[PDB]
Every structure is written in C-alpha cells, then in structure tokens.
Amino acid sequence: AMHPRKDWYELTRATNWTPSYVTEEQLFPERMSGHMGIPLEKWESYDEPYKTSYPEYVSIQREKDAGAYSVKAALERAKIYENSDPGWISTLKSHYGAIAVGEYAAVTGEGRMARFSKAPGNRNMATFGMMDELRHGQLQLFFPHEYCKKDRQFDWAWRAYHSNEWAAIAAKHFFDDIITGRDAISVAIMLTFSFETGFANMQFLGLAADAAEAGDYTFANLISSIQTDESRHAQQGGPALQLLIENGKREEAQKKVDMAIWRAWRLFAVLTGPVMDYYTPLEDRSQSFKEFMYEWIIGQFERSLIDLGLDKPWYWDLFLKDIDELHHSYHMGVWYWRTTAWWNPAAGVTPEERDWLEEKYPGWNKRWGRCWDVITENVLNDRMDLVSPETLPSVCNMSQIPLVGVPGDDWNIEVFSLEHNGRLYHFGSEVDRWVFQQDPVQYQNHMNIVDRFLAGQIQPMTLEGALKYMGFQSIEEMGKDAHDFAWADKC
C-alpha cells in the first residue's frame, strides 16, 4: 500500500532549524532574503495552497511535455510559417524574443527563494519553480529553433537578451528589477503578483485565444501548457503576502506590489498591445486588448489581490485611462521605428481594421487615426522617405520605452521629469517617476539607450550607428512593414 500525501507532506517542509555555528542573519542575510526582520519561527506558518511533491511532479511534467512536443511534431507541416499572415509570424518572433531567455532568467528568481526564503514551504515550491522556469526557457528556445532556417529574425529567440536592442533592454530592465535583482521575499510578492498571476495571462492565454483563431495550435497549445505551471508556482505569493501583513509589513508589501504591477503594465502594453489590436489578423482577434485587460487584469487579477488583503493601487484611475490609450501609441512607435525591432510590425490600419478600432476605442480615428492618415497618404503617393525616421524617440528612464501621449484632435502628452544627484531623468508617467523615487539606488546610475547615445557610447552617433549598437547582424534582421505596404491597396 501507499500512504496519502496529506499524511507525510508536513515532514517534507519540516526543514527550518535554529542555526548555531553561524547566526540567523548570516544564513539569511536581509539583502538576499528580504525577511524584513521577521524571525524564523514566524515563517513556519507559511502554507502553500497549491502543493506538489517530487514523484507527482516528475510524472505530471513528463506528461505535459509529451503533449506539447507531440503536437508540435504532428503539425510541422500545417504551413503556419508558409500560410500564416506575416503579422502572425511577427507575433511569434516578438514573443519568443521577448520571453524565452527571460523565462530562463526566472529560474534565478526561484533559486533566490529556494536558498534565501525563511519559509520552508516556499523553499520547496521554489525548487519546483526553478524546474518549471527551466522547462519554459527550454521549450521557448526549442520551438522557434526550427524557424532559424526560414528567417534570421528567429535567431532573436536566443539573441535578444544578449543584445542592446531597445525592446530587449526594456524586457531585461523589467525582468532584472522584478525577478533577478531583488531579495527572495520581494521576488515572492513582486513576480507572482505582477507577471505570474497578472500579465502572464495576457501573453500566454489571451494570446493563445488569438493563436487558436489563427489556426496556430502548436503555439496555443504550448503557451497554455506553460501557464499551467505558472498557476501552480505563482501560489508562492499569497502565503508570503499574508505573512507580511500579519507581521506589520502591509505598507511595504502594498508598495512592492503596486510598483511591480505598473512595471509589468508598461512592458506588456508594448509587447502584447500591438499584437492583440494590430498584428493579429482582424478575423482572429478574439477580444480587443482592452477587453482582455478587463477580463484578466481587472476582473480576475486585481480582484484576487483585494481578496488577499491589499488595496487597489493608488494609481487605479491613471491605469484605467492608460488601458484606453497607451498601447495605441506604443504600436505607432514600434511601427514607425520598425527598423529597430527584430520583428516586422503590421500597421493594422486598413479601413476594416480602423472600423474595428473605432468600435473598440471610440474616438480612435480622431486621435491615432490622424497620424495614420498622414502615413497612409505618404505610402499611397510613394513618399517612402517620410515613413522612416531620421532621429530617435525620447525614452522613459524607468520602462525604457518611448515617451508617448495622445495625438490628433485632443493632443495631450506629458513627460514627468526629475532631477536627482545632478542628473535629469524623464519618465512616461507619474507612476514611473514614483517607482524611481521609491528605490533610487536600484535605478539611479542606469543609462537608457538615448542617454547612452548622447553620452558618446554609441558610435557613430547616427541611426545606423544605433542599429549596429543594438546588435543587428544583417539587413534582413531589422524590422520592416509586415505586408510590404500591401495594405495601402485597401486604402
């Protein structure tokens, strides 16, 4: 006979002891552990609500991968690369580039907890977390690898994080701030309550809906399998948060979660926003970006945070306005500066698409539509010099993404600036400035790509010099219009 997990589980996490040959603070230094002075014994009440154990883990994960790889093998010849819309192919290129090696970095956030958390159940769940993120990094390298032979842009599934390309710096600044650059308990509440139960659901399930509509079942099946692991290891957050609140650290926990949500928001507005509302073919848009935000981030995620005892973030109303506006401008920035991307952005502004945009975002045509009108008329008249840039956008010193606002008939743009230690910084929101001021030692001597350009680090100091600095190795690798401007024929 076998004995049921409930009867031996407590022994698997009965692993705290009172150190004697080194001190408690030597074994769990605050800078790596983040215990905020809470004594060891208090962490023993930590109770992960989504458990697993070693024999079940290896059996269950063996099955998850057998399915994911079988589906991929059975569909190699479904012609996705060949029959897919190029906007869809660009969605794959930007996802794998922005995510694969960041997943592998996430192994280190889980490892930080496995070694430095004072809660024994957190150290074990984070051990499975390490394994899960290894899975995620390896799957999201293996899957795009077959397309290296089709298109050098797929090299960026591996290369992006090794580059200084601007969107890669935005991803790394986010990942390194929330996952690899902080103590264990900060990872436990920041990573789980920004990406893992929040925006991961946009990029791995909202996008899976669009992938299924687009007939790309290898990808939909992959990313939804990945999210099944997330939904287990993210449940390390709740008990950590509860323990902080119980031990008088509510203020600190709220601030960390508020900071992480906003940081994740800005990165996924540039990644996921243009994918959902422009690159994905119109017929395949299951919901708009805003509708998916209201389902996943407002309806599910934020409601869960309130249930666990946090308040709505202070910037709630700013955030709601941003969901209506920000990604439309980020899309326009990525498209106009497409040569700086490793994917080929789709403009997404044929008349039928603009009708959908107007339905999903009333007022769109009198705002962003004004800019696209200029662009469209230039393409129709073959004034292509006017559809490519000759300078750089100004970039946020927090999110590392261009400073934008609402264009057109009720133009409104605001940069939130800050002098600090003799330097002038610029941010794209009140919140981004607020994040900096919470922890300047984390950020203060970081230089964004435009800071580097102005400081002589990018030679020659030209657009072409910046592209070379960004790590492009051939003309083919730089972004172009997904459809080679064939869309203007519909205009």
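Numbering starts at 1 and follows the sequence shown.
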{"property": "Stretch with the higher entry mean CA B-factor, where the candidates are 8 to 16 and 21 to 29", "result": "21 to 29"}
{"property": "Segment of higher mean CA temperature factor, 220 to 228 or 298 to 306", "result": "298 to 306"}
{"property": "Out of 68, 431, 450, 58, residue topping the C-alpha B-factor column of the entry", "result": "450"}
{"property": "Selection from 392, 98, 269, 260 [criterion: highest C-alpha temperature factor in the record]", "result": "392"}
{"property": "Ranked against its chain, the third holding the CA B-factor of residue 150", "result": "highest"}
{"property": "Cα B factor band for residue 246 (lowest, middle or highest third within the chain)", "result": "highest"}
{"property": "B-factor third for the C-alpha atom of residue 54 within its chain", "result": "lowest"}
{"property": "Cα B factor band for residue 382 (lowest, middle or highest third within the chain)", "result": "highest"}
{"property": "Cα B factor band for residue 133 (lowest, middle or highest third within the chain)", "result": "lowest"}
